[PDB]
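Colleague: Let's see this in three dimensions:
(2 chains)
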Amino acid sequence: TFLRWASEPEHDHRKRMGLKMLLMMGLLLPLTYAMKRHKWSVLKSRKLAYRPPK
Amino acid sequence: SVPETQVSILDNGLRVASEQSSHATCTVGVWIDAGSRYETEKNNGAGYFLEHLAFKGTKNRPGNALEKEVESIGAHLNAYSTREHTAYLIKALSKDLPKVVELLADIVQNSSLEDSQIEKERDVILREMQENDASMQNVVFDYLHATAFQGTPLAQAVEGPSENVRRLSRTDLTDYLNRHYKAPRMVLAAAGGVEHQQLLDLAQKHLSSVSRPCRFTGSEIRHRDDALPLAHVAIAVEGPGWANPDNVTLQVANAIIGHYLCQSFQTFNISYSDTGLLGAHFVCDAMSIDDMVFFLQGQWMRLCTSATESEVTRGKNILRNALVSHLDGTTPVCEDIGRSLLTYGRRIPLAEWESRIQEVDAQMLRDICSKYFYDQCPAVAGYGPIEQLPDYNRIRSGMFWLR
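Modeller: Numbers count the residues shown, from 1 in each chain, chains lettered A, B, ... in the order given. What follows is the structure:
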């Protein structure tokens, strides 16, 4: 355990950063996905129709 | 001291209004609260096709002998149909006032729809529609109505789809006639050299027999046809309606907007019963398309944010000078009178219009413009080479400013 600590004194600090990163990404990924799906809904609902004058 | 429009509704419900003027020529019309908004997609061209059939003879005056009568006094006979109102009006002399009223009585009741004529007027209507497509601005405004009022009876056109036109019969027409021609929904309007008591007596003599959720939708419709030389684009937002007074303020704003870039700018405030379309219909070359827009949207946001007193005063003067719409001419006034009684239920005098104009200042103009233009979803209708016409996100983002 000590040698491990030696080889990475920041082990603890990092894991705290990783926990904050997972919480922030769990907050931010569905919200950015919702913004993308808002701004892409317009097209994803676009209905095309071909009306040759005939 | 505006000449008052004396009104005399009948027990049947026929409001009879008239305004007297020096003109020895008088215009008399019948307004009916019946348009394409009252049609239920199975009779989508009934009002238009009845408007074609209404001058082709009645029971008492069979065929062209009827129009021979309106040639005999030298009178002019006109009719029109909108999405909410139908009008049958005659411009004549003053001394021919009784017979004209009698003629109008036949046109609203006792009318005769000949089966022979029905086929002939179907070919007329069909052909006109088959060539109506030629008029672009009509195509663009119909597209704007369709995409703004999808799923409602306000999307469907006055003419209707060729389908219905072909598939229509006397009985159907008879229904529309017998259903939407009720006496309480009718105004007999007269303007010019007419006496109100004589007109009331004539309405009592004839015409005394007449029987007794609107939603806007923001959507991008784009009819691309690159062979056309010019492009017509209309952008609108939801209007307030007939009875909402800030229409007056919006009219001033429309005035202030005026028309400054690519040619063919314009502005409209079309009003229906508690709804409407307020916007602009420009028409232009491939490149100007966007900028004009960009241009146009900037002006709207300026009216939402930075309206000054000088342009408000200019718009008020332009609107007042626009009261000339009322003017004194028999036809225009009569027409105005016709709507007044159908929409407001009364004739608003020009002094009340002047009071509502002079109470408008810059602060309430930018307040009402922010209420109706800022951060609103518009309806867009384009026809022609409209590839450089921006799609809905760019127009929607141009409907507000980040500053």
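
Colleague: Regarding chain A, what is its longest helix?
Modeller: Ordering each helix of chain A by length in residues (DSSP state H) puts helix A:11-45 first.

Colleague: hmm, it touching chain B?
Modeller: Yes - interface with chain B: helix A:11-45 contributes A:39, A:42, A:43 (Cβ under 8 Å from any Cβ of the partner chain). Placement of C-beta: from N, CA and C, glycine included.

Colleague: now for that helix, which elements pack on it?
Modeller: helix B:392-398 (3 or more Cβ pairs under 8 Å, 6 or more residues apart in numbering or on different chains; DSSP states H and E).

Colleague: Could I get the CA-only coordinates of the helix it packs on as CSV?
Modeller: Taking C-alpha atoms only, helix B:392-398 is exported to CSV below (Å, rounded to 0.1, in the frame of the first residue of the first chain):
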residue,chain,number,x,y,z
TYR,B,392,-36.3,27.5,-39.4
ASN,B,393,-33.5,27.7,-36.8
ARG,B,394,-31.9,30.7,-38.5
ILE,B,395,-35.2,32.6,-38.8
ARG,B,396,-36.1,31.6,-35.2
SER,B,397,-32.7,32.9,-34.0
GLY,B,398,-33.3,36.1,-35.9
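
Colleague: which bits of chain B sit near chain A?
Modeller: B:220, B:223, B:391, B:392, B:393.

Colleague: Can you report how many residues neighbour the residue in the stretch 1-150 of chain B that chain A sits nearest to?
Modeller: Closest to chain A within the stretch 1-150 of chain B is residue B:133: 8.0 Å, counting by Cβ to the nearest Cβ. Residue neighbour count, defined by other Cβ atoms under 10 Å in any protein chain shown, stands at 12 for residue B:133.

Colleague: where's the residue nearest to it when sequence neighbours are not counted, which helix or strand?
Modeller: Sequence neighbours aside, residue B:139 is the residue nearest to residue B:133 in space, at 6.2 Å (criterion: Cβ to Cβ, 6 or more residues apart in numbering or on different chains). Assigned by DSSP states H and E, residue B:139 falls within helix B:136-148.

Colleague: same question, residue B:163
Modeller: helix B:162-166.

Colleague: can you check residue B:317 too?
Modeller: Going by DSSP H and E, residue B:317 is in helix B:309-320.

Colleague: so what's the residue in the stretch 251-400 of chain B that chain A sits nearest to up against?
Modeller: With Cβ to the nearest Cβ as the measure, residue B:392 is the residue of the stretch 251-400 of chain B nearest to chain A, at 5.1 Å. Residue B:392 makes contacts with A:42, B:218, B:219, B:220, B:380, as judged by Cβ atoms under 8 Å, 6 or more residues apart in numbering or on different chains.

Colleague: Now the residue nearest the centre of chain B: closest residue in space that isn't a chain neighbour?
Modeller: Centroid check for chain B by Cα atoms, centre = their mean gives residue B:82 as the closest residue, at 5.2 Å. Nearest residue to residue B:82 in three dimensions, chain neighbours excluded: residue B:35, at 5.4 Å (Cβ to Cβ, 6+ apart).

Colleague: that older thread, by neighbour count, which of the contacts of residue B:392 wins?
Modeller: Busiest of those [other Cβ under 10 Å] is residue B:380, holding 28 neighbours.

Colleague: which helices and strands sit right next to the host helix or strand of that one?
Modeller: Per DSSP H and E, residue B:380 falls inside strand B:379-384. Packing contacts for strand B:379-384, counted by 3+ Cβ pairs under 8 Å, 6+ apart, involve helix B:136-148, strand B:220-224, strand B:231-238.

Colleague: Sheet-wise, list the partners of it with their directions.
Modeller: Here strand B:379-384 is paired, per DSSP bridges, with strand B:220-224 (parallel), strand B:231-238 (antiparallel).
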